[PDB]
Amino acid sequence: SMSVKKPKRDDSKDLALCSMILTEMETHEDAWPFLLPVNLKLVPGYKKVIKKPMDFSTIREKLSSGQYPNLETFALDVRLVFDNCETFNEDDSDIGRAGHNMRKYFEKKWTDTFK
């Protein structure tokens, strides 16, 4: 509350640590479905169904251009990638499996780095 400061969790390395996590996501062998935006012209249903598309390249652009106010907004975008994937792809499809793998991969990194 006013003039009553809760102790300051050190966020000075968050940008660098998120960047390192994203690099590891980007270079994972199962990242291939998530590297670029889904092509909304060529993939039926996606534009109408997936209200907030997201992908690694877009996250990287946002991270590099100061568009994440904090680490939680970054993690929400990463999760959105995988939440979209689950909405659209069957769990045992290649892309659906890729998504489940990447989410697990992401969340261990997230917990280890920040929790």
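In this text, the rigid core denotes the largest set of C-alpha atoms whose superposition between the two forms falls within 1.5 Å. Just count from 1 along the sequence shown to find any residue number.
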query	finding
Outlying stretch relative to shown form, 96-104 versus 5-13 in 9 other deposited structures of this protein, C-alpha RMS (core)	5-13
Higher-B stretch (mean Cα B-factor, as the entry records it), 8-16 or 91-99	8-16
Of 74-82 and 36-44, the one with larger mean CA B-factor	36-44
Entry-reported Cα temperature factor of residue 29, expressed as the chain third it lands in	highest
Third of the chain, ranked by Cα B-factor, where residue 51 sits	highest
